[PDB]
Amino acid sequence: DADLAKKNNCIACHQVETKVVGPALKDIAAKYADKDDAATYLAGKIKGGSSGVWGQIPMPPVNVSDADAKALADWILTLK
Ligand code: HEC
């Protein structure tokens, strides 16, 4: 939820409505709204890192547990 994202520092670089360093969380949610297994894809982006999907700054891998990355992913998809 928002608190889990704040706790795991997502919000230093992301906001729900606006682009900060990474894209707006609602834009991710909208982009992947019809991707199959979106949440599994996103959870692996959160843990594994990201480059080039939204611009030139890469997202570092985030050290979160499997359950928190999945929960962050599920929550993000609700944001559209
Ligand atoms: C800056 C230091 C970041 C922190 C801390 C987190 N994210 Fe991030 N994110 C950042 C950038 C610069 C980008 C764009 C990367 C790119 O490919 O251009 C992203 C991307 C994401 C994504 C989208 C991945 C995709 O394939 O579309 C997600 C879902 C994402 N970031 C989520 C996320 C969460 C949940 C974080 C806290 C654990 C978090 N990020 C940290 C920059 C940064």
# chains A, B, ... in the order shown; residues from 1 in each chain; ligands from 1
$ residues_around --residues "residue 58 (chain A)" --least-positions-apart "4" --cutoff "12 Å" --atoms "only C-alpha atoms" --output "list in words"
residues 13, 21, 22, 23, 45, 46, 48, 49, 50, 51, 52, 53, 54 and 62 of chain A
$ residues_around --residues "residue 72 (chain A)" --least-positions-apart "4" --cutoff "10 Å" --atoms "only C-alpha atoms" --output "ChimeraX atom specification"
/A:1-2,4-5,8,10,39,42-43,46,64,66-68,76-77
$ write_last_selection --atoms "N, CA, C and O atoms" --output "compact mmCIF listing (two decimals), in the first residue's frame"
# COMPACT_ATOMS: atom_id res chain seq x y z
N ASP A 1 0.89 -1.21 0.00
CA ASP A 1 0.00 0.00 0.00
C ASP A 1 0.91 1.23 0.00
O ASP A 1 2.13 1.09 -0.24
N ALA A 2 0.36 2.43 0.21
CA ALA A 2 1.19 3.63 0.16
C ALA A 2 2.27 3.52 1.24
O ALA A 2 3.45 3.81 0.98
N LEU A 4 3.52 0.79 2.63
CA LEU A 4 4.58 -0.15 2.29
C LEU A 4 5.60 0.44 1.27
O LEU A 4 6.79 0.18 1.35
N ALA A 5 5.10 1.25 0.34
CA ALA A 5 5.91 1.89 -0.65
C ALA A 5 6.76 2.95 0.02
O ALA A 5 7.94 3.06 -0.32
N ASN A 8 9.53 1.22 1.98
CA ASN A 8 10.58 0.63 1.15
C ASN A 8 11.22 1.64 0.17
O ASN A 8 11.85 1.23 -0.77
N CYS A 10 10.11 3.61 -2.09
CA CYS A 10 9.68 3.77 -3.43
C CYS A 10 9.45 5.25 -3.70
O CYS A 10 9.70 5.74 -4.80
N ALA A 39 1.60 -8.66 -12.61
CA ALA A 39 2.06 -8.47 -11.25
C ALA A 39 3.36 -9.20 -11.06
O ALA A 39 4.27 -8.71 -10.43
N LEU A 42 6.00 -7.15 -12.86
CA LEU A 42 6.38 -5.96 -12.05
C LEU A 42 7.19 -6.31 -10.83
O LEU A 42 8.07 -5.57 -10.43
N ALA A 43 6.85 -7.44 -10.20
CA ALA A 43 7.53 -7.80 -9.00
C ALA A 43 9.01 -8.10 -9.34
O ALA A 43 9.90 -7.84 -8.54
N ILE A 46 10.76 -4.85 -9.80
CA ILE A 46 11.10 -4.20 -8.56
C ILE A 46 12.29 -4.87 -7.98
O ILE A 46 13.16 -4.18 -7.47
N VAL A 64 13.76 -6.08 -1.41
CA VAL A 64 12.55 -6.36 -0.65
C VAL A 64 12.32 -7.87 -0.70
O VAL A 64 12.89 -8.58 -1.54
N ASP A 66 10.22 -11.38 -1.36
CA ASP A 66 9.27 -11.77 -2.42
C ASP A 66 7.82 -11.34 -2.14
O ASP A 66 7.13 -10.84 -3.02
N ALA A 67 7.36 -11.43 -0.89
CA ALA A 67 5.97 -11.09 -0.59
C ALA A 67 5.78 -9.58 -0.67
O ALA A 67 4.78 -9.12 -1.14
N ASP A 68 6.72 -8.80 -0.17
CA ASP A 68 6.56 -7.34 -0.32
C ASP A 68 6.66 -6.86 -1.78
O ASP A 68 5.99 -5.92 -2.15
N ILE A 76 0.26 -1.36 -6.93
CA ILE A 76 0.48 -0.53 -8.12
C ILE A 76 -0.55 -0.78 -9.20
O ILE A 76 -1.10 0.17 -9.72
N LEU A 77 -0.84 -2.03 -9.53
CA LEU A 77 -1.91 -2.29 -10.51
C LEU A 77 -3.29 -1.75 -10.11
O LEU A 77 -4.18 -1.62 -10.97
$ select_by_dssp --residues "chain A" --states "helix (DSSP H, G or I)" --output "VMD selection string"
chain A and resid 2 to 7 10 to 12 25 to 32 38 to 48 66 to 77
$ closest_residue --among "A:69, A:20, A:12, A:80" --to "residue 34 (chain A)" --atoms "only C-alpha atoms"
A:80
$ closest_residue --among "A:19, A:26, A:14, A:35" --to "ligand 1" --atoms "only C-alpha atoms and all ligand atoms"
A:14
